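Data first, discussion second: the structure below is written as structure tokens.
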Amino acid sequence: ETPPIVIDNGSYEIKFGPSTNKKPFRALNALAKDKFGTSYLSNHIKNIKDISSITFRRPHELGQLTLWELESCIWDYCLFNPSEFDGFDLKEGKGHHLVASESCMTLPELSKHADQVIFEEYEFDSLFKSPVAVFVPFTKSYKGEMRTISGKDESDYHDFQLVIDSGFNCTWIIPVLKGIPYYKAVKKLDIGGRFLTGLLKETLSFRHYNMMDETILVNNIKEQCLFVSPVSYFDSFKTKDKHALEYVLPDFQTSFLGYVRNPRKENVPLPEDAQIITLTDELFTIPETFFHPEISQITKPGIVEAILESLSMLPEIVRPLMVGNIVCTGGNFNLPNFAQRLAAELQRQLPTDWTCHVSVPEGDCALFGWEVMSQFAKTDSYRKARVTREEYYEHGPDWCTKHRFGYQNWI
Amino acid sequence: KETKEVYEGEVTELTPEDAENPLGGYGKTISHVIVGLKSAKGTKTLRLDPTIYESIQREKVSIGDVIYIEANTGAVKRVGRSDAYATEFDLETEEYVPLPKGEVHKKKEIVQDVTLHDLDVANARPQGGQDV
Amino acid sequence: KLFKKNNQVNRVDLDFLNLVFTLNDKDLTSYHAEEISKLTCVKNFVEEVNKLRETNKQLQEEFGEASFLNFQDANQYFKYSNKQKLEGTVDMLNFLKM
Amino acid sequence: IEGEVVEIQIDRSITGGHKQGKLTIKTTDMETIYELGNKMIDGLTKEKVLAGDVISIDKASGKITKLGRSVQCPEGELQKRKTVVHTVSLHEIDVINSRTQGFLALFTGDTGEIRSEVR
Amino acid sequence: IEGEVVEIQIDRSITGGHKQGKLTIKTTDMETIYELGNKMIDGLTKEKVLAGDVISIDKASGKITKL
Amino acid sequence: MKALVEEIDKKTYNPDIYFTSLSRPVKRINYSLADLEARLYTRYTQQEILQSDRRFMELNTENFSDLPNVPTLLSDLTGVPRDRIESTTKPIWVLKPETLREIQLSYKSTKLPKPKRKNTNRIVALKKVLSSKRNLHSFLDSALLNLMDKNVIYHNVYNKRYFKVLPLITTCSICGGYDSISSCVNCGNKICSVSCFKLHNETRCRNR
Ligand SMILES: Nc1ncnc2c1ncn2[C@@H]1O[C@H](COP(=O)(O)OP(=O)(O)O)[C@@H](O)[C@H]1O
Ligand code: BEF
Ligand SMILES: [Mg+2]
Ligand SMILES: [Zn+2]
Ligand SMILES: [Zn+2]
């Protein structure tokens, strides 16, 4: 089996797909149960009628995924169903190869559990697991469309790369030199999709009836209607009266998901008996917690502080090189104007002699990371990088995870 | 027409540098004064002589205030406090201005035309001197 | 304050070009002005410029093609330091003339 | 920002901060407390202020205007945005620029043949 | 007397009271050392000189001028 | 106008300090025992950092049922005892075999497994890994991870030197209005307008 399987394990969603296909198959990672007791599969959560009361229980914790039984069952569902995903199927997988993505700071023991489950249970001939930041230097192997932004202006892989990956679990700033991450300068940002969703549920709980019971509705609103302040919180606050969005609640008897309505857009003349929620301050207030934590009352340092500290732990020679090449991945970067705002706020704190450049790919950044992660398989270096099954049977289970796939060896 | 070069921006950190050598000329002085300047496009640190720093001390400049320093005449002018610091206090006397655009250093020339009689009147009445 | 709107944009200092010269007799003498004007340090800055122009042109004529280019200056170990050196000595080239 | 001052506290310089003070501006509709800005404290200590009088403090101008004692009653919200129209003749504009202080030359009649270039 | 200054030494707390410091004036074709008197010690303090400098001293009135 | 003459007492007046001040009203007095004993026995303060971590984790949690269990995990991440910091700070299962059978009925529609098994030590470890039912706190309590490993994974990742770079922004607690910054009397909280003040006096003022 020449083409391998590319599986990206996230906390919110796990993207799995073959190396031949251009786009990954999106499958949520979670187990949801209704108040009545009915439990539905992760991909079937979108099909249910009533989103009012839902309890989310997922195998992935904040740090890592502790339970491999539910995650293994999700793997059996995604990989073992030919009819659920068009054209995809696997009879066994003894000859197929797997490329996985795990957290950089993941515990070694849970990594042993992962290697034992994937190697022994799934009978994969060869598997190579690396964090998403390591596949970023391989973006230059193939030609693709990626948007470049200059903060100062008004083999195939590359050595110097700075990977800022925002995620549903948390945001990680990982410097990469010579295709290897530098783990002393890696910084962790506790801000993530969970803090934005919960924060929006608290703000909406003070402004209106408490929505904390419904996570999915607040998540959909946060995805659809949220935007980042292009200039500053003050300029966006003086314009909060001009820029406003009205969201109508989906009625369980009629519409499952609500629709965003702009007062400037007359395209929706249809009247309804439902009541509309006004959104003004929460639009630019929620995303601003990254740069300024003081709006959310949290004491966190902020993103740019972690960037400057990450550059502080690096050698003086590699600092101006890594600020010239920056790739942004994850779902939190899909918000509009966030890239240019981050490039400007970072440019203001950098010296005049140094020029900062940020390259954000067009479209969804997660799908981009999966695409480049699939292009890593086509690289001739993957043939030397992959580990054979017999070598894993010879060495102990702790050696494969501790040496080649572990962060402790690169420290 | 004459060309002038100006450094402008918000003051980040300014520190005096005193020489341990007495030199016999003075009892106490400073060798140089380093004042950092912040602007939207970039930041730069400058090395200044004690006189132009004494002018800054006359302007009563503090960390976080935008200043205007011209190289030709060596005059220092304080425009005002930076806009981001305005939220610090509820009531404030000082005006607030945004941070200046431009990297730090700027090169510009002034083509202003002036009649000869205006040179004569400006020549008759001096504007200079602090004398009572 | 309305008449204090931006001036030095289009304003000339007019005291830097010595058209105010009627104030020069108070603290300044004749022979000190003649000797002070005869002793000027000009032609030394031209030498300090010409000696650096060699180190500038040896980098420009050889590595100057890919040096200041942002493409080769994106990721390079050796070239980027040369770019910062050239852009460093250009500032010292114009500064001595100012 | 205008209103009655019930309580104003001002503290001497300490190592912790240059000066710490809190003034209480009470109005009929809203009553809030502001923490002074240093030189604001120099304006309150500059002219003696007694608690219980109605004053109007100018943020942009930086000076205090006392409208009476509590003679008047608080109208409403503390901070309000107002526009101030000033009617000034061409002569009054012309005299100020020709002199160091020209407004005195308006009243004193010493103006003495302003240059035509200024006009 | 016009010339560039090399080094200026003035003793203060070693003994005291105008200890007769000596300064070295340099010209391109000539260099000499001059003894400094008490009143010249008091006069050199005004218009302070760090040396590394070109100054001119009047012979008749002892006036110090910094070029 | 300004009085050029000012009467002053030698003992009472000081140039240092300037002070001016003016059914049944009663000064608010807290009847709490732990508040009075706490008062008599005593850049951000450490306790406020604890409140920021507790509130950050309560806002981080997805479900209500998981809210009470989080402060134990956060207390394990901080290192301070759980009961003490949980009692001092006021904030603001997953797996079942039958449910697993229900999921087996969910994916039972289409599957292509081939069962093969042979008894081996690696298969015993396989059955031990597949069935875990262990919380992350249980893994943190295990000795399998090194102490330096835990320090590097948790304590060493956060930024030590830089607490703040960008300037601070203070906004109202209701609508976040920065135009009028006005602190409340009782709680010292900043309120922009009279409407936000009247809305603040009811729900959001605890110390009143
Ligand atoms: N178009 C969008 N607008 C706003 N947020 C989005 C958008 N798309 C995805 N997200 C956010 O990104 C998150 C998904 O991140 P993901 O790529 O799954 O990271 P992980 O690797 O942690 O699973 C979701 O929680 C969602 O809130
Ligand atoms: F695990 Be995800 F990338 F936050
Ligand atoms: Mg991810
Ligand atoms: Zn408000
Ligand atoms: Zn209150």
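Convention: chains lettered A, B, ... in structure tokens order; per-chain residue numbering from 1; ligands numbered from 1 as shown.
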
Enumerate residues in contact with ligand 3: an atom-to-atom distance of at most 10 Å, counting only C-alpha atoms and all ligand atoms. Format the result as a PyMOL selection string.
chain A and resi 8-15+101-103+131-133+165-172+329-331+366+369-370

Same residues, C-alpha atoms, output as a PDB file, in the first residue's frame:
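For reference, again.pdb as written:
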```pdb
ATOM      1  CA  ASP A   8      -5.054  14.610  12.545  1.00  0.00           C
ATOM      2  CA  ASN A   9      -6.309  14.119  16.110  1.00  0.00           C
ATOM      3  CA  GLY A  10      -7.879  17.263  17.546  1.00  0.00           C
ATOM      4  CA  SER A  11      -9.868  17.926  20.689  1.00  0.00           C
ATOM      5  CA  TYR A  12     -12.804  19.511  18.845  1.00  0.00           C
ATOM      6  CA  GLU A  13     -12.543  17.577  15.576  1.00  0.00           C
ATOM      7  CA  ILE A  14     -10.387  14.795  14.122  1.00  0.00           C
ATOM      8  CA  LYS A  15      -9.618  15.149  10.405  1.00  0.00           C
ATOM      9  CA  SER A 101      -0.437  14.229  14.846  1.00  0.00           C
ATOM     10  CA  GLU A 102      -0.105  14.503  18.626  1.00  0.00           C
ATOM     11  CA  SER A 103       0.574  17.301  21.084  1.00  0.00           C
ATOM     12  CA  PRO A 131       3.188  17.508  15.884  1.00  0.00           C
ATOM     13  CA  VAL A 132       1.648  19.745  13.240  1.00  0.00           C
ATOM     14  CA  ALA A 133       4.485  22.271  13.568  1.00  0.00           C
ATOM     15  CA  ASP A 165      -0.940  27.192  16.040  1.00  0.00           C
ATOM     16  CA  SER A 166      -4.189  28.275  17.685  1.00  0.00           C
ATOM     17  CA  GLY A 167      -6.599  25.500  18.576  1.00  0.00           C
ATOM     18  CA  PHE A 168      -9.812  24.573  20.330  1.00  0.00           C
ATOM     19  CA  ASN A 169      -7.782  23.157  23.223  1.00  0.00           C
ATOM     20  CA  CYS A 170      -5.193  25.967  23.435  1.00  0.00           C
ATOM     21  CA  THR A 171      -2.705  27.979  21.382  1.00  0.00           C
ATOM     22  CA  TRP A 172       0.907  26.849  20.971  1.00  0.00           C
ATOM     23  CA  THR A 329      -2.658  27.281  11.406  1.00  0.00           C
ATOM     24  CA  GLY A 330      -5.784  26.265  13.294  1.00  0.00           C
ATOM     25  CA  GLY A 331      -9.389  27.361  13.454  1.00  0.00           C
ATOM     26  CA  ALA A 366      -6.842  23.122   9.459  1.00  0.00           C
ATOM     27  CA  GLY A 369      -2.362  21.643   7.703  1.00  0.00           C
ATOM     28  CA  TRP A 370      -3.901  18.342   6.635  1.00  0.00           C
TER      29      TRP A 370
END
```

All residues 12 Å or closer to residue B:7, only C-alpha atoms, same chain fewer than 6 positions away omitted, as a ChimeraX atom specification:
/B:35-39,42-48,66-72,74-77,100-108

Next, the residues of the selection above should be written as an mmCIF file, in the first residue's frame with N, CA and C atoms.
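Result saved to selection-v7.cif:
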```cif
data_model
loop_
_atom_site.group_PDB
_atom_site.id
_atom_site.type_symbol
_atom_site.label_atom_id
_atom_site.label_comp_id
_atom_site.auth_asym_id
_atom_site.auth_seq_id
_atom_site.Cartn_x
_atom_site.Cartn_y
_atom_site.Cartn_z
ATOM 1 N N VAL B 35 18.212 57.182 24.863
ATOM 2 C CA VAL B 35 16.763 57.318 24.918
ATOM 3 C C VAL B 35 16.153 56.499 23.790
ATOM 4 N N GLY B 36 15.304 55.542 24.155
ATOM 5 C CA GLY B 36 14.610 54.714 23.186
ATOM 6 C C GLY B 36 13.378 55.424 22.659
ATOM 7 N N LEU B 37 13.076 55.182 21.386
ATOM 8 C CA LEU B 37 11.940 55.797 20.712
ATOM 9 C C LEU B 37 11.096 54.714 20.056
ATOM 10 N N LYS B 38 9.786 54.772 20.276
ATOM 11 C CA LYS B 38 8.850 53.800 19.727
ATOM 12 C C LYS B 38 7.919 54.484 18.738
ATOM 13 N N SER B 39 7.704 53.842 17.594
ATOM 14 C CA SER B 39 6.780 54.320 16.579
ATOM 15 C C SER B 39 6.020 53.137 15.995
ATOM 16 N N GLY B 42 8.232 51.035 13.527
ATOM 17 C CA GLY B 42 9.370 50.396 14.161
ATOM 18 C C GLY B 42 9.833 51.165 15.375
ATOM 19 N N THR B 43 10.776 50.564 16.098
ATOM 20 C CA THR B 43 11.365 51.157 17.293
ATOM 21 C C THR B 43 12.873 51.252 17.112
ATOM 22 N N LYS B 44 13.481 52.264 17.732
ATOM 23 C CA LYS B 44 14.913 52.498 17.638
ATOM 24 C C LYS B 44 15.411 53.155 18.919
ATOM 25 N N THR B 45 16.645 52.826 19.291
ATOM 26 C CA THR B 45 17.316 53.422 20.439
ATOM 27 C C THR B 45 18.330 54.442 19.945
ATOM 28 N N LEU B 46 18.403 55.579 20.630
ATOM 29 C CA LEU B 46 19.292 56.667 20.257
ATOM 30 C C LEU B 46 20.295 56.938 21.371
ATOM 31 N N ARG B 47 21.442 57.483 20.975
ATOM 32 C CA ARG B 47 22.509 57.870 21.887
ATOM 33 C C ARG B 47 22.707 59.375 21.783
ATOM 34 N N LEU B 48 22.481 60.084 22.886
ATOM 35 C CA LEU B 48 22.426 61.537 22.867
ATOM 36 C C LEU B 48 23.490 62.125 23.786
ATOM 37 N N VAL B 66 5.191 61.221 23.862
ATOM 38 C CA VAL B 66 5.741 61.433 22.529
ATOM 39 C C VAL B 66 6.580 62.702 22.517
ATOM 40 N N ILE B 67 7.763 62.620 21.909
ATOM 41 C CA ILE B 67 8.674 63.753 21.823
ATOM 42 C C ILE B 67 9.061 63.980 20.369
ATOM 43 N N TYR B 68 9.576 65.177 20.100
ATOM 44 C CA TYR B 68 10.006 65.589 18.774
ATOM 45 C C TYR B 68 11.430 66.116 18.875
ATOM 46 N N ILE B 69 12.374 65.401 18.270
ATOM 47 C CA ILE B 69 13.788 65.748 18.343
ATOM 48 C C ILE B 69 14.314 65.960 16.931
ATOM 49 N N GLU B 70 14.787 67.174 16.659
ATOM 50 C CA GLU B 70 15.336 67.539 15.362
ATOM 51 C C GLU B 70 16.854 67.544 15.454
ATOM 52 N N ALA B 71 17.513 67.060 14.399
ATOM 53 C CA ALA B 71 18.966 66.923 14.436
ATOM 54 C C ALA B 71 19.664 68.256 14.184
ATOM 55 N N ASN B 72 19.146 69.053 13.248
ATOM 56 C CA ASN B 72 19.780 70.310 12.865
ATOM 57 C C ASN B 72 19.948 71.258 14.048
ATOM 58 N N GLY B 74 18.852 70.798 17.111
ATOM 59 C CA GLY B 74 18.962 70.106 18.376
ATOM 60 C C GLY B 74 17.894 70.459 19.385
ATOM 61 N N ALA B 75 16.716 70.877 18.933
ATOM 62 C CA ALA B 75 15.634 71.253 19.827
ATOM 63 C C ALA B 75 14.715 70.065 20.074
ATOM 64 N N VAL B 76 14.230 69.952 21.308
ATOM 65 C CA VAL B 76 13.340 68.873 21.719
ATOM 66 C C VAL B 76 11.997 69.475 22.102
ATOM 67 N N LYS B 77 10.920 68.919 21.548
ATOM 68 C CA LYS B 77 9.567 69.359 21.850
ATOM 69 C C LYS B 77 8.706 68.155 22.205
ATOM 70 N N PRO B 100 3.288 58.500 16.493
ATOM 71 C CA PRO B 100 3.590 58.995 15.145
ATOM 72 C C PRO B 100 3.847 57.864 14.162
ATOM 73 N N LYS B 101 3.344 58.046 12.943
ATOM 74 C CA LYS B 101 3.642 57.131 11.855
ATOM 75 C C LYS B 101 5.069 57.350 11.360
ATOM 76 N N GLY B 102 5.596 56.350 10.665
ATOM 77 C CA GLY B 102 6.969 56.370 10.212
ATOM 78 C C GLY B 102 7.853 55.472 11.064
ATOM 79 N N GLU B 103 8.941 54.990 10.453
ATOM 80 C CA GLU B 103 9.808 54.045 11.151
ATOM 81 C C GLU B 103 10.356 54.647 12.442
ATOM 82 N N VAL B 104 11.405 55.462 12.342
ATOM 83 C CA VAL B 104 11.785 56.429 13.366
ATOM 84 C C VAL B 104 12.241 57.695 12.659
ATOM 85 N N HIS B 105 13.348 57.568 11.933
ATOM 86 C CA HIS B 105 14.029 58.689 11.307
ATOM 87 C C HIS B 105 13.319 59.086 10.020
ATOM 88 N N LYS B 106 13.299 60.386 9.736
ATOM 89 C CA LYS B 106 12.606 60.925 8.575
ATOM 90 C C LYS B 106 13.466 61.999 7.931
ATOM 91 N N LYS B 107 13.458 62.038 6.601
ATOM 92 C CA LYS B 107 14.217 63.010 5.825
ATOM 93 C C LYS B 107 13.239 63.838 5.000
ATOM 94 N N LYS B 108 13.252 65.152 5.206
ATOM 95 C CA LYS B 108 12.320 66.034 4.518
ATOM 96 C C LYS B 108 12.980 67.386 4.285
#
```

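Using only C-alpha atoms, we find that the part of chain F lying within 9 Å of chain D comprises residues 2, 3, 15, 16, 17, 18, 19, 20, 21, 22, 180, 181, 182, 183, 184, 185, 188, 190, 191, 193, 194, 195, 197 and 198 of chain F.
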
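One distance worth recording is that between atom CA of residue A:228 and atom CA of residue A:136, which is 25.1 Å.
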
So that each row is one residue of chain D with an atom at most 7 Å from chain B, can you give its shortest atom pair and the distance in Å to one decimal, using only C-alpha atoms, rows by chain and rising number, as a Markdown table?
```
| residue | atom | partner | partner_atom | distance |
| --- | --- | --- | --- | --- |
| D:34 | CA | B:90 | CA | 5.7 |
| D:35 | CA | B:90 | CA | 5.7 |
| D:36 | CA | B:91 | CA | 5.5 |
| D:37 | CA | B:92 | CA | 4.9 |
| D:39 | CA | B:93 | CA | 6.4 |
| D:40 | CA | B:93 | CA | 6.1 |
| D:59 | CA | B:93 | CA | 6.1 |
| D:60 | CA | B:95 | CA | 6.6 |
| D:62 | CA | B:93 | CA | 4.5 |
```

Just-selected residues, C-alpha atoms written as a CSV table (one decimal), in the first residue's frame:
```
chain,number,residue,atom,x,y,z
D,34,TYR,CA,-13.0,59.3,40.2
D,35,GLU,CA,-9.3,58.8,41.0
D,36,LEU,CA,-7.3,61.9,40.2
D,37,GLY,CA,-4.5,62.2,37.7
D,39,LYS,CA,-1.7,67.3,38.1
D,40,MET,CA,-5.4,67.2,38.7
D,59,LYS,CA,-10.9,67.5,31.2
D,60,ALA,CA,-9.5,68.9,28.0
D,62,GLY,CA,-7.5,71.2,32.6
```

Kindly determine which residues of chain B lie within 7 Å of chain F, considering only C-alpha atoms, and give the answer as a tab-separated table (two decimals) with N, CA and C atoms, in the first residue's frame.
```tsv
chain	number	residue	atom	x	y	z
B	84	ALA	N	-2.66	55.44	24.19
B	84	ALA	CA	-3.01	54.19	24.86
B	84	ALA	C	-2.99	54.35	26.37
B	85	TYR	N	-2.16	55.25	26.88
B	85	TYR	CA	-2.04	55.47	28.32
B	85	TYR	C	-3.18	56.32	28.89
B	87	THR	N	-6.35	55.74	29.28
B	87	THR	CA	-7.28	55.01	30.14
B	87	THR	C	-6.74	54.78	31.54
B	90	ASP	N	-8.77	58.36	35.59
B	90	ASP	CA	-10.14	58.79	35.31
B	90	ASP	C	-10.17	60.24	34.85
```

With a distance cut-off of 12 Å and only C-alpha atoms, select the neighbouring residues of residue F:114, excluding the residue or stretch itself and same-chain residues fewer than 6 positions from it, and output the selection as a ChimeraX atom specification.
/A:80,90-94,121-123

Residues within 8 Å of ligand 5, counting only C-alpha atoms and all ligand atoms: report them as a PDB file with N, CA and C atoms, in the first residue's frame.
```
ATOM      1  N   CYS F 184     -17.194  52.833  40.989  1.00  0.00           N
ATOM      2  CA  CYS F 184     -18.298  52.759  41.934  1.00  0.00           C
ATOM      3  C   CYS F 184     -17.808  53.050  43.350  1.00  0.00           C
ATOM      4  N   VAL F 185     -18.744  53.456  44.207  1.00  0.00           N
ATOM      5  CA  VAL F 185     -18.388  53.815  45.576  1.00  0.00           C
ATOM      6  C   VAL F 185     -18.082  52.567  46.396  1.00  0.00           C
ATOM      7  N   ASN F 186     -19.008  51.607  46.410  1.00  0.00           N
ATOM      8  CA  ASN F 186     -18.876  50.458  47.301  1.00  0.00           C
ATOM      9  C   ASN F 186     -17.795  49.493  46.822  1.00  0.00           C
ATOM     10  N   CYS F 187     -17.910  49.020  45.582  1.00  0.00           N
ATOM     11  CA  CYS F 187     -17.028  47.982  45.063  1.00  0.00           C
ATOM     12  C   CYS F 187     -15.867  48.525  44.242  1.00  0.00           C
ATOM     13  N   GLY F 188     -15.797  49.836  44.030  1.00  0.00           N
ATOM     14  CA  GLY F 188     -14.739  50.398  43.214  1.00  0.00           C
ATOM     15  C   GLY F 188     -14.759  49.987  41.761  1.00  0.00           C
ATOM     16  N   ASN F 189     -15.862  49.421  41.280  1.00  0.00           N
ATOM     17  CA  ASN F 189     -15.951  48.975  39.899  1.00  0.00           C
ATOM     18  C   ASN F 189     -16.279  50.146  38.980  1.00  0.00           C
ATOM     19  N   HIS F 200     -26.139  47.996  37.354  1.00  0.00           N
ATOM     20  CA  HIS F 200     -25.102  47.400  38.189  1.00  0.00           C
ATOM     21  C   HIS F 200     -25.522  47.295  39.649  1.00  0.00           C
ATOM     22  N   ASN F 201     -26.339  48.235  40.131  1.00  0.00           N
ATOM     23  CA  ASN F 201     -26.688  48.266  41.548  1.00  0.00           C
ATOM     24  C   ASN F 201     -27.480  47.043  41.991  1.00  0.00           C
ATOM     25  N   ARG F 204     -25.022  42.858  39.997  1.00  0.00           N
ATOM     26  CA  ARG F 204     -23.576  42.707  39.907  1.00  0.00           C
ATOM     27  C   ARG F 204     -22.812  43.286  41.090  1.00  0.00           C
ATOM     28  N   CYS F 205     -23.485  43.868  42.078  1.00  0.00           N
ATOM     29  CA  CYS F 205     -22.808  44.441  43.238  1.00  0.00           C
ATOM     30  C   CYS F 205     -23.009  43.510  44.427  1.00  0.00           C
ATOM     31  N   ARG F 206     -21.947  42.793  44.802  1.00  0.00           N
ATOM     32  CA  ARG F 206     -21.997  41.919  45.969  1.00  0.00           C
ATOM     33  C   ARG F 206     -21.731  42.679  47.263  1.00  0.00           C
ATOM     34  N   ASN F 207     -20.757  43.590  47.252  1.00  0.00           N
ATOM     35  CA  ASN F 207     -20.301  44.239  48.476  1.00  0.00           C
ATOM     36  C   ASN F 207     -21.273  45.287  49.002  1.00  0.00           C
ATOM     37  N   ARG F 208     -22.323  45.615  48.256  1.00  0.00           N
ATOM     38  CA  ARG F 208     -23.293  46.606  48.707  1.00  0.00           C
ATOM     39  C   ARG F 208     -24.102  46.085  49.892  1.00  0.00           C
TER      40      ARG F 208
END
```

Give me every alpha helix (DSSP H) residue in stretch 87-176 of chain F, going by DSSP on the backbone, as an NGL selection string.
:F and (87-88 or 97-106 or 121-130 or 136-141 or 147-150)

Could you please tell me, as JSON, numbers by chain, which residues of chain F have an atom within 7 Å of chain A when using only C-alpha atoms?
{"F": [49, 52, 56, 59, 60, 63, 94, 103, 106, 107, 110, 111, 112, 113, 126, 129, 130, 131, 132, 133, 134, 135, 136, 144, 153, 157, 158, 159, 162, 163, 164, 165, 168, 169, 170, 171, 175]}

Please report as a PyMOL selection string which residues of chain D come no farther than 12 Å from chain C, using only C-alpha atoms.
chain D and resi 93-94+96-97

Take the residues from that selection and write them out as a short mmCIF file (atom, residue, chain, number, x, y, z; two decimals), in the first residue's frame, keeping N, CA and C atoms.
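New file selection00.cif:
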```
data_model
loop_
_atom_site.label_atom_id
_atom_site.label_comp_id
_atom_site.auth_asym_id
_atom_site.auth_seq_id
_atom_site.Cartn_x
_atom_site.Cartn_y
_atom_site.Cartn_z
N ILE D 93 -9.10 88.63 15.54
CA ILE D 93 -8.14 87.62 15.11
C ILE D 93 -6.84 88.27 14.68
N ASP D 94 -6.93 89.46 14.08
CA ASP D 94 -5.75 90.10 13.51
C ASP D 94 -4.82 90.64 14.59
N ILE D 96 -4.33 89.58 17.73
CA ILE D 96 -3.68 88.59 18.59
C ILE D 96 -2.39 88.09 17.94
N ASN D 97 -2.39 87.95 16.61
CA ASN D 97 -1.23 87.36 15.94
C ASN D 97 -0.09 88.36 15.80
#
```

Distance cut-off 10 Å, counting only C-alpha atoms - which residues of chain C neighbour chain A? Return them as a list in words.
residues 70, 73, 74, 75, 76, 77, 80, 81, 84, 87 and 88 of chain C

N, CA, C and O atoms of the current selection, written as a short mmCIF file (atom, residue, chain, number, x, y, z; two decimals), in the first residue's frame:
```
data_model
loop_
_atom_site.label_atom_id
_atom_site.label_comp_id
_atom_site.auth_asym_id
_atom_site.auth_seq_id
_atom_site.Cartn_x
_atom_site.Cartn_y
_atom_site.Cartn_z
N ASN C 70 14.68 40.46 -0.69
CA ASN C 70 13.93 39.85 0.40
C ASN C 70 13.75 38.35 0.19
O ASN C 70 13.47 37.62 1.15
N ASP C 73 16.95 36.90 1.50
CA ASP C 73 17.02 37.32 2.89
C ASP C 73 15.91 36.73 3.74
O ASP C 73 15.81 37.06 4.93
N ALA C 74 15.06 35.87 3.17
CA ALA C 74 13.97 35.27 3.93
C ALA C 74 14.53 34.24 4.90
O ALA C 74 14.49 34.45 6.11
N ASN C 75 15.04 33.13 4.38
CA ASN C 75 15.78 32.16 5.19
C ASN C 75 17.18 32.01 4.60
O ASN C 75 17.35 31.40 3.54
N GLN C 76 18.17 32.55 5.30
CA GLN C 76 19.57 32.30 4.99
C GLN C 76 20.38 32.48 6.26
O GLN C 76 20.11 33.39 7.05
N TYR C 77 21.38 31.62 6.46
CA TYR C 77 22.28 31.80 7.59
C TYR C 77 23.35 32.85 7.29
O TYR C 77 23.58 33.77 8.08
N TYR C 80 21.87 36.81 5.34
CA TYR C 80 21.12 37.83 6.08
C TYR C 80 22.05 38.76 6.85
O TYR C 80 21.81 39.97 6.92
N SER C 81 23.11 38.21 7.45
CA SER C 81 24.07 39.06 8.15
C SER C 81 24.76 40.02 7.19
O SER C 81 25.06 41.16 7.56
N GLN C 84 22.22 42.85 6.58
CA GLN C 84 22.23 43.79 7.70
C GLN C 84 23.52 44.60 7.75
O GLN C 84 23.52 45.73 8.24
N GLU C 87 23.02 47.28 4.73
CA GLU C 87 22.07 48.28 5.20
C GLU C 87 22.57 49.00 6.45
O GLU C 87 22.07 50.09 6.76
N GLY C 88 23.53 48.42 7.16
CA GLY C 88 24.14 49.09 8.29
C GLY C 88 25.14 50.14 7.88
O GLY C 88 25.19 51.22 8.48
#
```

Within 7 Å of ligand 4, which residues of chain F come that close, and what is the closest atom pair and distance in Å for each? Count only C-alpha atoms and all ligand atoms and give it as JSON lines.
```
{"residue": "F:172", "atom": "CA", "partner": "ligand 4", "partner_atom_place_in_ligand_line": "1 (Zn)", "distance": 4.9}
{"residue": "F:173", "atom": "CA", "partner": "ligand 4", "partner_atom_place_in_ligand_line": "1 (Zn)", "distance": 6.1}
{"residue": "F:174", "atom": "CA", "partner": "ligand 4", "partner_atom_place_in_ligand_line": "1 (Zn)", "distance": 4.2}
{"residue": "F:175", "atom": "CA", "partner": "ligand 4", "partner_atom_place_in_ligand_line": "1 (Zn)", "distance": 3.8}
{"residue": "F:176", "atom": "CA", "partner": "ligand 4", "partner_atom_place_in_ligand_line": "1 (Zn)", "distance": 5.1}
{"residue": "F:177", "atom": "CA", "partner": "ligand 4", "partner_atom_place_in_ligand_line": "1 (Zn)", "distance": 5.0}
{"residue": "F:191", "atom": "CA", "partner": "ligand 4", "partner_atom_place_in_ligand_line": "1 (Zn)", "distance": 5.5}
{"residue": "F:192", "atom": "CA", "partner": "ligand 4", "partner_atom_place_in_ligand_line": "1 (Zn)", "distance": 4.5}
{"residue": "F:193", "atom": "CA", "partner": "ligand 4", "partner_atom_place_in_ligand_line": "1 (Zn)", "distance": 5.7}
{"residue": "F:196", "atom": "CA", "partner": "ligand 4", "partner_atom_place_in_ligand_line": "1 (Zn)", "distance": 4.9}
```

Write down, as JSON, numbers by chain, each residue of chain E that has any atom within 7 Å of an atom of chain B, counting only C-alpha atoms.
{"E": [9, 10, 45, 48, 49, 50]}

Hey, list the chain C side of the contact with chain E: 10 Å cut-off, only C-alpha atoms, answer as an MDAnalysis selection string.
chainID C and resid 32:33 35:36 39

At most 7 Å to chain B: residues in chain A, only C-alpha atoms, as a count of residues only
6

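Shell of residue E:62 at 10 Å, with only C-alpha atoms counted and residues fewer than 6 places along the chain excluded, is residues 1, 39, 40, 43 and 56 of chain E.
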